[PDB]
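Undergrad: Quick one: structure below, then a few questions.
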Amino acid sequence: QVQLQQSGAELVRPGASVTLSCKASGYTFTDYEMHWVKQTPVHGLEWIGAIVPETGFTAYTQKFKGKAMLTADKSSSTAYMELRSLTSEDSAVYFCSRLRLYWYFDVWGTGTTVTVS
Amino acid sequence: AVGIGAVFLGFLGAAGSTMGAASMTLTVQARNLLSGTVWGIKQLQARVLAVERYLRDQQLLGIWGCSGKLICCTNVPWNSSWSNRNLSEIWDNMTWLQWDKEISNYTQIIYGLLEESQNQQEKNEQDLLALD
Amino acid sequence: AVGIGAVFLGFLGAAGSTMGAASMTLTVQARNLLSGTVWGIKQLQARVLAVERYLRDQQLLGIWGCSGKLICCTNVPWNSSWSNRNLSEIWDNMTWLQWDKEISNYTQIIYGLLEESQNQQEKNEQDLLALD
Amino acid sequence: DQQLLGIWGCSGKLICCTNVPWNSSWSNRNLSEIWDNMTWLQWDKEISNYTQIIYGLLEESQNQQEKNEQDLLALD
Amino acid sequence: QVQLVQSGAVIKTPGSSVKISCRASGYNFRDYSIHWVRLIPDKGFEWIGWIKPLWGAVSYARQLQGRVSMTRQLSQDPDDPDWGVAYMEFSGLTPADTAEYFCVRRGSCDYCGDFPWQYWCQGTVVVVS
Amino acid sequence: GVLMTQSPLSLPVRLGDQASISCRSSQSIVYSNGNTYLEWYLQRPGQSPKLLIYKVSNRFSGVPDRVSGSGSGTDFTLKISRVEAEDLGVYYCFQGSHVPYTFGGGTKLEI
Amino acid sequence: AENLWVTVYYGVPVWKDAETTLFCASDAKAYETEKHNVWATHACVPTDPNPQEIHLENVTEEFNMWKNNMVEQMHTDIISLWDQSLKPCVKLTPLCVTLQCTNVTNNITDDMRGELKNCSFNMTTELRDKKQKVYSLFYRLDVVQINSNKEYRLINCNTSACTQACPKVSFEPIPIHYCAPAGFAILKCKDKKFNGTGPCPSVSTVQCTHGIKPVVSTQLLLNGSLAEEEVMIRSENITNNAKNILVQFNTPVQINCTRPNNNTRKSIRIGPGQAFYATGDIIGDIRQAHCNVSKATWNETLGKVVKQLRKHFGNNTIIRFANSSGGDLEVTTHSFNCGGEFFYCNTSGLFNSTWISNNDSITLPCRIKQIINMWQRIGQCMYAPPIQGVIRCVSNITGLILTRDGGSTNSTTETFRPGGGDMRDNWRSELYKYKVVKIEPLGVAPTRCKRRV
Amino acid sequence: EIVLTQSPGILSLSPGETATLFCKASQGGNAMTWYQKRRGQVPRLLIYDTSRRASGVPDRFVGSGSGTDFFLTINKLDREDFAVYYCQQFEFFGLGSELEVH
Ligand SMILES: *[C@@H]1O[C@H](CO)[C@@H](O[C@@H]2O[C@H](CO)[C@@H](O[C@@H]3O[C@H](CO[C@H]4O[C@H](CO)[C@@H](O)[C@H](O)[C@@H]4O)[C@@H](O)[C@H](O[C@H]4O[C@H](CO)[C@@H](O)[C@H](O)[C@@H]4O)[C@@H]3O)[C@H](O)[C@H]2NC(C)=O)[C@H](O)[C@H]1NC(C)=O
Ligand SMILES: *[C@@H]1O[C@H](CO)[C@@H](O[C@@H]2O[C@H](CO)[C@@H](O[C@@H]3O[C@H](CO)[C@@H](O)[C@H](O[C@H]4O[C@H](CO)[C@@H](O)[C@H](O)[C@@H]4O)[C@@H]3O)[C@H](O)[C@H]2NC(C)=O)[C@H](O)[C@H]1NC(C)=O
Ligand SMILES: *[C@@H]1O[C@H](CO)[C@@H](O[C@@H]2O[C@H](CO)[C@@H](O[C@@H]3O[C@H](CO)[C@@H](O)[C@H](O)[C@@H]3O)[C@H](O)[C@H]2NC(C)=O)[C@H](O)[C@H]1NC(C)=O
Ligand SMILES: *[C@@H]1O[C@H](CO)[C@@H](O[C@@H]2O[C@H](CO)[C@@H](O[C@@H]3O[C@H](CO)[C@@H](O)[C@H](O)[C@@H]3O)[C@H](O)[C@H]2NC(C)=O)[C@H](O)[C@H]1NC(C)=O
Ligand SMILES: *[C@@H]1O[C@H](CO)[C@@H](O[C@@H]2O[C@H](CO)[C@@H](O)[C@H](O)[C@H]2NC(C)=O)[C@H](O)[C@H]1NC(C)=O
Ligand SMILES: *[C@@H]1O[C@H](CO)[C@@H](O[C@@H]2O[C@H](CO)[C@@H](O)[C@H](O)[C@H]2NC(C)=O)[C@H](O)[C@H]1NC(C)=O
Ligand SMILES: *[C@@H]1O[C@H](CO)[C@@H](O[C@@H]2O[C@H](CO)[C@@H](O)[C@H](O)[C@H]2NC(C)=O)[C@H](O)[C@H]1NC(C)=O
Ligand SMILES: *[C@@H]1O[C@H](CO)[C@@H](O[C@@H]2O[C@H](CO)[C@@H](O)[C@H](O)[C@H]2NC(C)=O)[C@H](O)[C@H]1NC(C)=O
Ligand SMILES: *[C@@H]1O[C@H](CO)[C@@H](O[C@@H]2O[C@H](CO)[C@@H](O)[C@H](O)[C@H]2NC(C)=O)[C@H](O)[C@H]1NC(C)=O
Ligand SMILES: *[C@@H]1O[C@H](CO)[C@@H](O[C@@H]2O[C@H](CO)[C@@H](O)[C@H](O)[C@H]2NC(C)=O)[C@H](O)[C@H]1NC(C)=O
Ligand SMILES: *[C@@H]1O[C@H](CO)[C@@H](O[C@@H]2O[C@H](CO)[C@@H](O)[C@H](O)[C@H]2NC(C)=O)[C@H](O)[C@H]1NC(C)=O
Ligand SMILES: *[C@@H]1O[C@H](CO)[C@@H](O)[C@H](O)[C@H]1NC(C)=O
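Protein chains in written order, with PDB author numbering: chain H, 1 to 117; chain D, 512 to 547, 569 to 664; chain 1, 512 to 547, 569 to 664; chain d, 589 to 664; chain Q, 1 to 129; chain L, 1 to 111; chain C, 31 to 141, 150 to 185, 187 to 309, 312 to 321, 321A, 322 to 398, 411 to 505; chain R, 1 to 27, 29 to 91, 96 to 107.
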């Protein structure tokens, strides 16, 4: 049950906005964290940031603050992305994941390929 | 790693968010406000300036109604001449740094009214226990 | 001009009148009680004597019922052997300087009793919340 | 110490009371034996293994109770 | 106060070298820069250079390098730290160099920056034969 | 940033020999209590990246007794004693001291 | 609902910009050698480890390095602490005396000149009746000729008696962590591209600063803090010239510096408990102290900073470099202390270039003074004790300090020149990231609740 | 490099009639000061940096401006308040204005 049922492969035309969905399962969202890691062939693994779903406590990097949005609905028990201004370098593979506080990454999802074309 | 949620409970971690973060963190900033051969003299006068500054604030809560509650509530109505704003927009759209400047044009009107309201309430309460 | 009533609200301006000035002045004397190469040592010890003397008084209220109220009503009956005066005369004729010498013979009798009354009241309140 | 009481419920009462139930996993002792046999020096060591568990629970209980009190006055 | 005293005017032969001693007093001389400005008739003002008397860090205008030189002399006594001397040595004279010279100090205020001057020496005419 | 500098990237390693993949940070990764939170990743082409070690030394549960991390301050070197075909692919570094965290560039083990 | 009442929350996270004192704290490695080994072994507390360097979001603060405080007090702190490590040491009242000097034994040339003078002089003993004749070696920069024979005297004796530093204490740099007391906070910009002036978009608070070592150098500051990725220039106003230009680059240039001469110290008892450590004999070849840098690394690192400098001045601009324009000694050259002895090293050999808008090494020779006059104090000097053996040290050149020549009259060449000047421009290269704010709790806010009776 | 140009230049005004000078800067984003030199005497700064007048200055000199365009308004002048006026950016000078007595 301890899973990260992500969204599908997304062949997105540029200039569009992408709403991703990470349906996590195995525990409640109120226990531990939610995270997003990219995969580009230029850098390797990249960053988006992190979210805490009880209140909505979000953080990002300098590279993508103001670009991506993290929202968490407590009732529907899903995760969200809201990307803006998709570029050719943004065509990547997204890994939803979980941290605990003062611990490591338990689960690793499938990886949604979002290509910008 | 340590994660994102730890800095929500750090010192001044809630400063960037709205009040909903600051509605729970209030013990931390209250905690770290106190605990800290000529160099000994300079750091000694720094320490006593710190505790004198703290005790001025405890005094200024003492003359109001709330002694050590740390979440007060009191009895002057909010004059809408200052705010001119809806309710939740100062609970979800603003930060405390942003709230500082909108009440920085005027101050101690509020601090003047609170002393008078608490003194009046103590007078009426003294009358209420005086008939008792 | 600034007028006559402004110095009524000043520091120690109330001391010449009777109790009616004292019933409204009490924030002022409580306020100005706190805020104030070898000389810095003597001013430093002058400051810490001030804050130590303040905090002794807050402690000596805190062991009674009077937490930070600045007007406090306790529960020991007044023995008429001391005062031997009518009510309104010590609330319309006398000043606190004039009151001081008449109670200067006997002190810490009252401060002895006020420890005991609060110490008993906390025990009975502990019993009352113990059965509850 | 006055600050650490101020963030709990006990302002200056010097005998407060509060609202966390006593977990018997620590004490494992009868009532009157820790009210008629043990001294406070003797009571020090048996609770010296664990500290700020209790203090964190008291902070959490007071931080919860003030929020519930503000919610009680909120519809008031 | 701030006082600024220069030397007297001088007839000089062409191709010679001239020295001008701007003397300052009334302030702590180790703190403020000393600038040098010239007034040529029918040319407007013209900047020359500046000096910081603490170490003699100088800087010159580009169209006069190699020709001008600056020195300073501090006050070395525990009683009169205030008085200071700046010397200008100016060589390679032309008859176009006949002009009037001023030594200036930065204004004493905090917000006023490096260049807007306050005090002025009385000015020295240099005239070339 | 606190970006990691990986050295080296490509290591064609024969089966049975050792391997050493070092990272150097710009700052110290000392967390504010004393316990640095370092992590080393796996990657195969077609698998999600998963963890081998989550400390200087202490390892993820289920990782065999051939991979070890060591180092101090900035220099932190991974050492694999015996290299198999599962070890091929991209490895990374990871920090835990303070956010935002930085991944490296990716160090490939080959044959 | 619209009958809103007010509540005062205590402990609200909000601050103001303010100015206060700080408090130093040094690491435990400096306490392992103890008892006045270096300065501030007693003046600072030992550090708490690993301060709470946590993050903060959705936040933007304007900073400043130029009208910043905490650098204005540090230039007072280091001087005031520098004076404290001298007053327990010897004064040189009995040594300002007539000298009888001569040239050291060496093959001397007619054109070129020697740089060591063998001087003999009368001196007191421990006893007051008897006197002694004793000799030492001195440099050309410490004797002047009082005016057949040729007798000299010391240079600083017509202005101030001099303090010998005690040879037990050292002048080597050590880490210093500043800390803010209770009721303040230290913010740190964590941006990559940030010129030091204007709003930083990602701040982070901290309990204490990171490692700040104090060095002393005028040009080419040493053992500095490295840039993150690029090479950054910083200034107050670049169209103005009277302010310096801090240049901080990324790859450190290694510099070797040495004196190959071999010394001997020689104790002379002046009186009871007095010891003048003069220079004894020189064994071997009288040689000149010098420094080496690598040719290719320097030609590369100028190529980086020209690419950085062309952003502010147009792409079609000639940039060239020149020696320093003149002045006193220790602003034309650059100075440093290398294991207890002060150098002054000609740096014409680096700044001889021009840049068009399209195995070897560099040696550069030094000079050694023995008395310093740091911060140009009116009643101060410091005779340094000579140290044994062939001496060298290795360092990282990390930043430059530049100054444009502000010429009029239609220039495409925009020449740059080094210059030390103030000591504070060293420090502003270290504290540009931080600022000090003051917590003011007890905010006030309308809400919907009413306190009952 | 940076060119400064006063305007109107040589002006002609009788005493009493208030005036306004204006000196254009080729460069932008910087802030000028002004100077007042009488007949054969030591010059004197009267306003620094935009609108901050120096010591010993009556407030009837008021300067302002922005961009590349800086004004200086003189009100209630005297026959002795008139002198030659200069405006200065960092070291660069203007050729000056003058207000002839009419
Ligand atoms: C920029 O940063 C660098 C890096 O720290 C500095 O380089 C160091 O400089 C210090 C002081 O100049 C050096 O410390 C000295 O090292 C000498 C060499 O000894 C070393 O090697 C021997 C042989 O193995 C060891 O036994 C010894 O422990 C050292 O590791 C020592 O001889 C010196 O000690 C002398 O002084 C003390 C003072 O109390 C005397 O008591 C002793 O008797 C002795 O005479 C001293 O320890 C250090 O070695 C340098 N680092 C390196 C890697 O070489 C630069 O100085 C700095 N730049 C500037 C301008 O300061
Ligand atoms: C060299 O460059 C630096 C930075 O680029 C520059 O420093 C800044 O100068 C301005 C002056 O223009 C300083 O003053 C501030 O200006 C802003 C608007 O730019 C205002 O908020 C303030 O001034 C206003 O209020 C005054 C009240 O009468 C007005 O007279 C004035 O015109 C403005 O309306 C504020 O004071 C600014 O502080 C500095 N920057 C820093 C970080 O200190 C400097 O001026 C340049 N050098 C020169 C000689 O111009
Ligand atoms: C600096 O000058 C002093 C001047 O006194 C030099 O000291 C003297 O040096 C001479 C040699 O130049 C010594 O003379 C020799 O003495 C030995 C042994 O006594 C003898 O065998 C030789 O034949 C010759 O006479 C002399 O002793 C010495 N005196 C003292 C008091 O040291 C000193 O050498 C000079 N220093 C340098 C670095 O040149
Ligand atoms: C920057 O480079 C220039 C070019 O070499 C240097 O100018 C030269 O400086 C030296 C020393 O000041 C001059 O040498 C001469 O030495 C004799 C020795 O007695 C002295 O009598 C002369 O008056 C002169 O000082 C040399 O002439 C001079 N070059 C020219 C063309 O005049 C300059 O010193 C360098 N800058 C620095 C800071 O070193
Ligand atoms: C000792 O040093 C002095 C000064 O350096 C020498 O005196 C003159 O030095 C200059 C430059 O070294 C020479 O050009 C002169 O020819 C020297 N004068 C004479 C008379 O020689 C001096 O020669 C040195 N040697 C001795 C033995 O005194
Ligand atoms: C050290 O003191 C002695 C003792 O006075 C000095 O020797 C005298 O020097 C003067 C001047 O040179 C001569 O007139 C005397 O004749 C010398 N005395 C004798 C006994 O010859 C000596 O010059 C001093 N200095 C040194 C360096 O020895
Ligand atoms: C440092 O950076 C800041 C912002 O990144 C610069 O401030 C702005 O600079 C531009 C052009 O340089 C001006 O048009 C703006 O008006 C400036 N804004 C403010 C608020 O000053 C600043 O100029 C840079 N400084 C240096 C020396 O490069
Ligand atoms: C500098 O001079 C000293 C003079 O003592 C040299 O020290 C001597 O070195 C040799 C070589 O091993 C030893 O045999 C001697 O015993 C040393 N003398 C003493 C008193 O210990 C020193 O080596 C010289 N420096 C260099 C770099 O050669
Ligand atoms: C500065 O001196 C150091 C001394 O260690 C030099 O480092 C070594 O230099 C030798 C040259 O003979 C090289 O063969 C070594 O490989 C160097 N060591 C290392 C670890 O690289 C350094 O090269 C000198 N720098 C300059 C610019 O001369
Ligand atoms: C710094 O080094 C330069 C390079 O040698 C010195 O300049 C030379 O000075 C001599 C006279 O002392 C001249 O003959 C040479 O022509 C100069 N060289 C050049 C390239 O101009 C300079 O003197 C040194 N600095 C000091 C203070 O001596
Ligand atoms: C100067 O900077 C260089 C940066 O290249 C430092 O060299 C590295 O320092 C770290 C930490 O001490 C070591 O782990 C590396 O092995 C060093 N690299 C090399 C090539 O030596 C150096 O420590 C700095 N300081 C000095 C005195 O050279
Ligand atoms: C000390 O002597 C030197 C050498 O002549 C001289 O230049 C200096 O002016 C003297 N000091 C004073 C204060 O006169």
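All C-beta atoms in this analysis are idealised placements derived from N, C-alpha and C, irrespective of residue type, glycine included.
For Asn-332 (chain C), write down the residues that DSSP places opposite it in a beta bridge.
TA: Answer is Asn-295 (chain C) and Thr-415 (chain C).
Undergrad: By the 10 Å Cβ neighbour count, where 16 or more other Cβ atoms means buried, how is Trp-55 (chain Q) classified, buried or exposed?
TA: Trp-55 (chain Q) should be labelled buried.
Undergrad: Below 7 Å, is the gap between the Cβ of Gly-366 (chain C) and the nearest heavy atom of ligand 4?
TA: Yes - ligand 4 has a heavy atom lying nearer than 7 Å to the Cβ of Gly-366 (chain C).
Undergrad: Could you confirm whether any beta carbon from chain Q is found closer than 8 Å to the beta carbon of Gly-471 (chain C)?
TA: Yes, because at least one Cβ of chain Q sits closer than 8 Å to the Cβ of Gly-471 (chain C).
Undergrad: Closer than 8 Å by beta-carbon distance: list the chain D residues that pair up with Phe-57 (chain H), in chain order.
TA: Chain D residues near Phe-57 (chain H): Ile-515, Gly-516, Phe-519, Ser-528 and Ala-532.
Undergrad: Rounded to a whole number of angstroms, what is the C-alpha to C-alpha distance between residue 506 (chain C) and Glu-584 (chain D)?
TA: Since the first residue shown for chain C is 31 and the last is 505, residue 506 (chain C) is missing from the structure and cannot be characterised.
Undergrad: List the DSSP bridge partners of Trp-47 (chain Q).
TA: Looking at the DSSP assignment, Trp-47 (chain Q) forms a beta bridge with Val-37 (chain Q).
Undergrad: If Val-67 (chain L) and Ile-53 (chain L) are in contact, beta carbons under 8 Å, what's the gap, nearest whole angstrom?
TA: That belief holds up - the Cβ atoms of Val-67 (chain L) and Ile-53 (chain L) are roughly 7 Å apart, short of 8 Å.
Undergrad: Excluding the 5 residues flanking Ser-413 (chain C) on each side, which residues of the same chain have their C-beta closer than 7 Å to its C-beta?
TA: Cβ within range, chain order: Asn-332, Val-333, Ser-334 and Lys-335.
Undergrad: Could you compute how far the alpha carbon of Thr-529 (chain D) sits from the alpha carbon of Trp-631 (chain D)?
TA: Going from the Cα of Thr-529 (chain D) to the Cα of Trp-631 (chain D) covers about 10 Å.
Undergrad: Can we count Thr-455 (chain C) as close to ligand 7, meaning its CB is less than 7 Å from some heavy atom?
TA: Outside the cutoff, so no.
Undergrad: Can the beta-carbon of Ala-517 (chain D) be found less than 8 Å from the beta-carbon of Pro-43 (chain C)?
TA: No, the pair does not count as a contact, with Cβ atoms beyond the cut-off.
Undergrad: Under a Cβ-count criterion, where at least 16 other Cβ atoms within 10 Å of its own Cβ denotes burial, should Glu-370 (chain C) be classed as buried or exposed?
TA: Buried is the call here.
Undergrad: I'd like to know whether the C-beta of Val-99 (chain L) is nearer than 8 Å to at least one C-beta of chain D.
TA: At least one chain D Cβ lies under 8 Å of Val-99 (chain L).
Undergrad: Note down, in chain order, all residues in the segment 441-475 of chain C with a beta-carbon under 9 Å from any beta-carbon belonging to chain Q.
TA: So the list reads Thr-455, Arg-456, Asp-457, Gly-458, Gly-459, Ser-460, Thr-461, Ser-463, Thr-465, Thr-467, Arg-469, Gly-471, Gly-472, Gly-473 and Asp-474, given in the order they occur along the chain.
Undergrad: So which residues on chain D does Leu-265 (chain C) lean against when the C-beta distance must stay under 7 Å?
TA: Those within 7 Å of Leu-265 (chain C) in chain D number zero; the least Cβ separation is about 25 Å.
Undergrad: Residues of the segment 62-79 of chain H in Cβ contact with chain C at a cutoff of 9 Å, in chain order, please.
TA: So the list reads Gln-62 and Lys-65, given in the order they occur along the chain.
Undergrad: Which residues bound the beta strand (DSSP E) around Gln-73 (chain Q)?
TA: From DSSP, the beta strand (DSSP E) with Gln-73 (chain Q) extends over 68-73.
Undergrad: Sorry if obvious, but does the Cβ on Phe-391 (chain C) come closer than 7 Å to a heavy atom of ligand 6?
TA: Flag unset: Cβ of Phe-391 (chain C) not near ligand 6.
Undergrad: Out of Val-93 (chain H), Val-114 (chain H), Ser-117 (chain H) and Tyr-104 (chain H), which one is the CA nearest neighbour of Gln-47 (chain L)?
TA: Ranking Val-93 (chain H), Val-114 (chain H), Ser-117 (chain H) and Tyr-104 (chain H) by Cα distance to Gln-47 (chain L) puts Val-93 (chain H) first.
Undergrad: Looking at chain d, is there any beta carbon in it that lies within less than 8 Å of the beta carbon of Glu-654 (chain 1)?
TA: Chain d contact via Cβ: present.
Undergrad: From the DSSP output, in three-state form, read off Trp-614 (chain D) for me.
TA: Of the three classes helix, strand and coil, the one that applies to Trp-614 (chain D) here is helix, per DSSP.
Undergrad: Secondary structure at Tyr-643 (chain 1), three-state DSSP: helix, strand or coil?
TA: Three-state result, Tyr-643 (chain 1): helix.
Undergrad: Assuming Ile-109 (chain C) is part of the alpha helix (DSSP H), what are its boundary residues?
TA: Here the alpha helix (DSSP H) through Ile-109 (chain C) covers 104-114.
Undergrad: Quick check on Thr-123 (chain C): does DSSP put it in helix, strand or coil?
TA: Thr-123 (chain C): helix per DSSP, three-state reduction.
Undergrad: Just confirm the distance between the C-beta atoms of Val-90 (chain L) and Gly-44 (chain H), as a whole number of angstroms; I'd bet it's less than 8 Å.
TA: Indeed, because the Cβ distance is near 7 Å, the residues count as touching under 8 Å.
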